[PDB]
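Only one structure is covered here, and it is reproduced in the block below.
Chain identifiers are assigned alphabetically (A, B, ...) following the order of the sequence lines, protein sequences preceding nucleic acid strands; residue numbering begins at 1 within each chain.
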Amino acid sequence: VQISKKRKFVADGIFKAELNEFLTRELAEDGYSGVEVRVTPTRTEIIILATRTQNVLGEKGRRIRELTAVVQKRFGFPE
Amino acid sequence: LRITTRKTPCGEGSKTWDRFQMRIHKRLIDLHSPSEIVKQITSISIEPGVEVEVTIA
Amino acid sequence: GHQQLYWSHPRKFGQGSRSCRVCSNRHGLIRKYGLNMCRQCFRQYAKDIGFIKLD
Amino acid sequence: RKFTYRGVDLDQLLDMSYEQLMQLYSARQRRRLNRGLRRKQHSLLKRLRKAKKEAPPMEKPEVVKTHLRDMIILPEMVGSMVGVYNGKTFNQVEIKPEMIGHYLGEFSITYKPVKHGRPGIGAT
Amino acid sequence: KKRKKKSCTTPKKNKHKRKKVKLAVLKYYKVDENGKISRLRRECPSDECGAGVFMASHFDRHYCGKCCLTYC
Amino acid sequence: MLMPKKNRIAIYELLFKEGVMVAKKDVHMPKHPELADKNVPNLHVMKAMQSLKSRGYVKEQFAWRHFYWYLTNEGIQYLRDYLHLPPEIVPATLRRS
RNA sequence: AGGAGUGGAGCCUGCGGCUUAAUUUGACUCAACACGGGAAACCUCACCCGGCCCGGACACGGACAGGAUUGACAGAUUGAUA
RNA sequence: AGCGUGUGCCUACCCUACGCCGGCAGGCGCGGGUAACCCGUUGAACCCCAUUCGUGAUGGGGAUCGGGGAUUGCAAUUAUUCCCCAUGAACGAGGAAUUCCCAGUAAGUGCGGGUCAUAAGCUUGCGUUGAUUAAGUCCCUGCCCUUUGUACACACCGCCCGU
Ligand SMILES: [Mg+2]
Ligand SMILES: [Mg+2]
Ligand SMILES: [Mg+2]
Ligand SMILES: [Mg+2]
Ligand SMILES: [Mg+2]
Ligand SMILES: [Mg+2]
Ligand SMILES: [Mg+2]
Ligand SMILES: [Mg+2]
Ligand SMILES: [Mg+2]
Ligand SMILES: [Mg+2]
Ligand SMILES: [Mg+2]
Ligand SMILES: [Mg+2]
Ligand SMILES: [Mg+2]
Ligand SMILES: [Mg+2]
Ligand SMILES: [Mg+2]
Ligand SMILES: [Mg+2]
Ligand SMILES: [Mg+2]
Ligand SMILES: [Mg+2]
Ligand SMILES: [Mg+2]
Ligand SMILES: [Mg+2]
Ligand SMILES: [Mg+2]
Ligand SMILES: [Mg+2]
Ligand SMILES: [Mg+2]
Ligand SMILES: [Zn+2]
Ligand SMILES: [Zn+2]
């Protein structure tokens with residue numbers, strides 16, 4: 001089945017709030033500024049705004065490749 | 001949607017209330033056309049904050 | 001044995017079966033629209049959720 | 001003079017099954033029996049029966065202690081010594097035939113009756 | 001408020017200490033001079049406890065410790 | 001903490017395969033969602049990851065109710081030596097796909 | 001200038017007292033007292049009575065495949081099939 | 001009439017039309033709704049029109065108790081809640097004192113939301129009926145300014161004198 005629009009919008013807001021809190025705690029050291037979630041039926045893109053992107057990406061892109069993993073693990077939507 | 005809560009984290013002081021409010025707006029459009037043209041026009045429509053649902057009755 | 005006794009008491013309804021999704025507190029819980037937050041956490045995260053004060 | 005529960009004496013009550021006893025009881029006891037008894041109540045009944053079987057012909061059975069304050073007094077319990085927990089101590093109760101249909105917790109009081117003293121300074 | 005101690009109960013409830021048995025494998029088998037082996041302890045009829053899982057020779061019962069199966 | 005060796009093997013295999021671990025901090029959860037058909041309680045995962053963290057093998061973060069764990073290089077070496085994995089095996093994180 | 005009142009009655013709920021094994025606790029003029037979103041049968045629970053569990057990471061030492069340790073049928077025991 | 005809610009990650013617990021059974025609380029079936037779609041044209045209560053009663057603690061009031069029935073729950077006793085017979089207390093407008101209010105307002109009357117397995121004498125909102133009085137003042141209470149006096153500055157809950 002499906003849920004009502006009220007619950008859907010509330011769930012989207014709660015998801016964005018939790019994502020922002022997690023990103024804050026993770027990337028405070030890197031000057032984390034904000035998060036922007038653009039939802040597309042193909043893929044859901046997440047833009048991370050921070051002062052420096054070198055630390056967020058990590059070496060060879062390891063660290064960011066970790067984050068997009070745990071997010072997929074946390075909220076459960078498919079790989 | 002409305003949520004009325006108390007401002008104070010505890011139970012001390014004047015009884016003051018916060019009234020939070022969320023508004024949801026909804027539009028409907030009808031089209032007599034084949035699927036392909038609808039997807040053609042819809043592809044551009046992607047906008048941040050707007051949920052678009054296409055159904056064939 | 002201990003395996004049967006531990007956590008045996010049913011928790012399918014009541015205050016003991018519900019808690020805040022942020023701080024795990026069972027008091028002052030908001031269940032409307034499936035928020036499942038205590039009032040303090042909700043007041044902290046209302047702007048992020050999308051609730052605006054107009055009056 | 002002879003005891004009768006809603007026109008039925010003790011012997012017929014002992015002969016009756018649970019379904020027959022449901023119609024004699026009140027609404028709450030009937031609903032409780034219809035929902036059924038769990039393992040702990042059956043264990044208590046078994047212990048009471050075991051204790052009553054081993055009693056001397058002229059002596060009372062050994063006291064059986066329990067925390068089950070919501071147990072319904074069945075006609076098979078008449079004549080048994082039950083210690084009922086009140087949160088602090090086990091109070092000894094002998095089941096009488098006029099207790100049929102009540103709970104065990106109704107016969108072990110959970111508080112001390114109040115005897116008032118002189119009111120303090122904070123009373124006006 | 002400050003916590004009161006009130007430390008007085010049954011003197012000491014002791015924890016069960018498991019018995020130390022030296023070479024418990026040996027007593028399961030008996031040996032003749034010819035070199036034969038006879039299994040003193042019965043073997044449980046369960047699936048998992050079929051070959052090496054022996055039972056318990058209690059004074060009035062047989063008990064498998066791995067699946068709680070009991071026989072007279 | 002006492003637990004069967006196969007639970008530890010499964011947890012370590014999953015951690016080395018993915019490179020990260022997520023838990024909900026629920027000691028009464030009957031089984032970990034990710035570790036299904038292996039019957040691993042969530043408490044075992046929590047305690048195993050805590051033991052790994054105390055030795056520096058994993059890095060930990062906590063968010064809103066959840067534990068997040070990332071694998072360290074020394075943790076990679078420890079898991080590779082523990083599971084007897086060939087030196088040609090790396091977690092999916094270390095592959096820039 | 002007035003209206004509806006409260007203070008009087010019965011009852012419902014909070015706060016003092018007094019009892020209790022415990023009757024958990026914060027707050028005391030406005031700016032404490034149907035307030036802590038506090039309408040508690042269990043949970044909530046923070047109080048009292050009694051009984052299990054370790055969910056005491058990690059480092060060092062001891063002991064250990066001639067076994068470190070784990071669980072458990074019956075009878076006893078227990079409020080209890082801890 | 002109006003504001004709103006409705007099948008839920010964990011999480012078990014939704015709103016209900018229609019048919020039958022029961023006197024009632026309720027029980028059986030069988031459908032709709034993830035909602036301007038179904039409950040729902042939300043047949044609300046006060047109010048309106050008739051009937052009975054007739055200044056009698058009265059057919060006002062409904063406290064306290066007895067006996068039965070049913071629902072929620074793992075569990076209802078120290079009565080969870082609900083229904084039916086029976087019982088029928090103070091109370092005849094309230095001392096000193098004291099609260100809120102200037103128009104769709106005060107008051108009367110119901111209905112939603114929160115709490116909620118069971119659930120409103122509380123709160124937060126919504127309608128419906130709908131006024132008397134006033135368009136002023138500094139008398140009471142309190143708070144601001146200006147002038148003025150001070151031996152106060154931890155600021156009158158101050159400082160300070162003599163037995
Ligand atoms: Mg009145
Ligand atoms: Mg009055
Ligand atoms: Mg009064
Ligand atoms: Mg008072
Ligand atoms: Mg306390
Ligand atoms: Mg003021
Ligand atoms: Mg209170
Ligand atoms: Mg209650
Ligand atoms: Mg009880
Ligand atoms: Mg209990
Ligand atoms: Mg309690
Ligand atoms: Mg241990
Ligand atoms: Mg009368
Ligand atoms: Mg009368
Ligand atoms: Mg009765
Ligand atoms: Mg009591
Ligand atoms: Mg009546
Ligand atoms: Mg209301
Ligand atoms: Mg309600
Ligand atoms: Mg309240
Ligand atoms: Mg004045
Ligand atoms: Mg002067
Ligand atoms: Mg001066
Ligand atoms: Zn919270
Ligand atoms: Zn066996």
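Remark: D/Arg31 is in phosphate contact with H/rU71, judged by side-chain N or O atoms under 4.0 Å from OP1 or OP2.
Judged by ring centres closer than 5.5 Å and planes tilted by less than 30°, the bases of G/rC43 and G/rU44 are stacked on each other. Neighbouring residues G/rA63 and G/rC64 meet the stacking criterion, with the centres of their six-membered base rings under 5.5 Å apart and the ring planes within 30° of each other. The six-membered rings of H/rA36 and its strand neighbour H/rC37 do not satisfy centres under 5.5 Å apart together with planes under 30°, so the two bases count as unstacked. In this step of the strand, G/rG26 stacks on G/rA27, since the centres of their six-membered base rings are under 5.5 Å apart and the ring planes meet at under 30°.
Remark: the bases of H/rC30 and H/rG125 do not meet in a Watson-Crick or G-U wobble pair with both edge contacts under 3.5 Å. Base-pair annotation: H/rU147 with H/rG59 fails the Watson-Crick or G-U wobble criterion (two N/O distances, each under 3.5 Å). A canonical Watson-Crick pair (purine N1 to pyrimidine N3 plus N6-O4 or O6-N4) or a G-U wobble (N1-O2 and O6-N3), each contact under 3.5 Å, is absent between G/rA22 and H/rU77. For G/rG5 with H/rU98, the Watson-Crick or G-U wobble criterion holds, each of the two distances under 3.5 Å. Remark: H/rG61 does not pair with H/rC53, failing the Watson-Crick or G-U wobble criterion at under 3.5 Å for both atom pairs. Between H/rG127 and H/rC28 there is no Watson-Crick or G-U wobble pairing whose two distances both come in under 3.5 Å. Between G/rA72 and G/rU77 there is no Watson-Crick or G-U wobble pairing whose two distances both come in under 3.5 Å. Pairing between H/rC24 and H/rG31: absent (Watson-Crick or G-U wobble, both distances under 3.5 Å).
Residue order along RNA chain H, read from the 5' end via each residue's closest nucleotide, puts D/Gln23 first among D/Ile109 and D/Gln23. Taking for each of E/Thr10 and D/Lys40 the nucleotide of RNA chain G with the nearest heavy atom, the 5'-most of the two is the partner of E/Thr10. Between C/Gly16 and D/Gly120, the residue whose closest nucleotide on RNA chain G is further toward the 5' end is D/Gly120. Between C/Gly14 and A/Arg7, it is A/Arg7 whose nearest contact on RNA chain H lies nearer the 5' terminus.
Using a 4.0 Å heavy-atom distance criterion, C/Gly1 is classed as a sugar-phosphate-only contact. Counting non-hydrogen atoms under 4.0 angstrom, B/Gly13 reaches the backbone sugars and phosphates but no base. Nucleic acid contact for B/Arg2: none, since no nucleic acid atom lies under 4.0 Å from a heavy atom of the residue. In this structure, E/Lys15 reaches the sugar-phosphate backbone alone: every heavy-atom distance under 4.0 Å involves primed, P, OP1 or OP2 atoms, never a base. When heavy atoms are screened at a 4.0 angstrom cut-off, C/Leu5 is found touching base atoms of the nucleic acid. Base engagement by C/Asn36 is indicated by at least one non-hydrogen atom pair under 4.0 Å involving a base atom. Across all strands, D/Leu44 comes closer than 4.0 Å to no nucleic acid atom at all (heavy-atom distances).
Rounded to the nearest Å, the gap between the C1' atom of H/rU87 and that of H/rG125 is 42 Å. Remark: the separation of the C1' atoms in H/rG92 and H/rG113 is 41 Å, to the nearest Å. Comparing G/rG17 with G/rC28, their P atoms are spaced 14 Å from each other, to the whole Å.
No N or O donor and acceptor, one from the side chain of C/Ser17 and one from the base of H/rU11, sit under 3.5 Å apart. One donor-acceptor pair, N or O on each side, does fall under 3.5 Å between the base of G/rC42 and the side chain of C/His9. Applying the 3.5 Å distance criterion, the base of H/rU71 shares a donor-acceptor pair with the side chain of D/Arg28. For G/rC52, its base never sits under 3.5 Å from the side chain of C/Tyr6 at any donor and acceptor pair. The base of G/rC58 does not come close enough to the side chain of F/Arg55 for any donor and acceptor atom to sit less than 3.5 Å apart. Below the 3.5 angstrom threshold, one finds no donor paired with an acceptor across the side chain of D/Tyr103 and the base of H/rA76.
Counting to the nearest Å, the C1' atom of H/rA76 and the CG atom of D/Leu68 are 16 Å from each other. Computed from coordinates, the E/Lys22 NZ to G/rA68 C1' distance equals 13 Å when rounded to whole Å.
Under 3.5 Å, the side chains of F/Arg55 and F/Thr72 contain no donor-acceptor pair of N or O atoms.
From the dihedral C1'-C2'-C3'-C4', which is positive here, one reads the pucker of H/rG114 as north, toward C3'-endo. On the basis of its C1'-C2'-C3'-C4' angle being positive, H/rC159 carries a north sugar. From the dihedral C1'-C2'-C3'-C4', which is negative here, one reads the pucker of H/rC37 as south, toward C2'-endo. When the pucker is read from the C1'-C2'-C3'-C4' torsion, the sugar belonging to H/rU42 turns out south, on the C2'-endo side. Here H/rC154 counts as south. Its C1'-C2'-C3'-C4' torsion is negative.
Between F/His66 and F/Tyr68, the ring planes lie tilted relative to each other; the angle falls in the 30° to 60° range. The aromatic rings of E/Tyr28 and E/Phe54 are tilted relative to each other, their planes meeting at an angle between 30° and 60°. Taking the six-membered ring where the residue is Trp, C/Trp7 and F/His28 present parallel rings, their angle staying beneath 30° rather than reaching 60°.
In this structure, H/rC13 forms no base pair with any nucleotide, since neither Watson-Crick nor G-U wobble geometry is met with both distances under 3.5 Å.
Taking the ring centroids of A/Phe75 and A/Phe22, they lie at or beyond the 6.0 Å cut-off.
In this structure, A/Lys6 forms no cation-pi arrangement with C/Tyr33, as its terminal cationic atom is not both closer than 6.0 Å to the ring centre and no more than 45° off the ring axis.
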For C/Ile52 and B/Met22: C-alpha separation, side-chain torsions, deciding distance, then whether side-chain contact (heavy atoms from CB on, under 4.5 Å) applies. CA-CA 6 Å; C/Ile52 309 304; B/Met22 178 187 291; over 6 Å; no
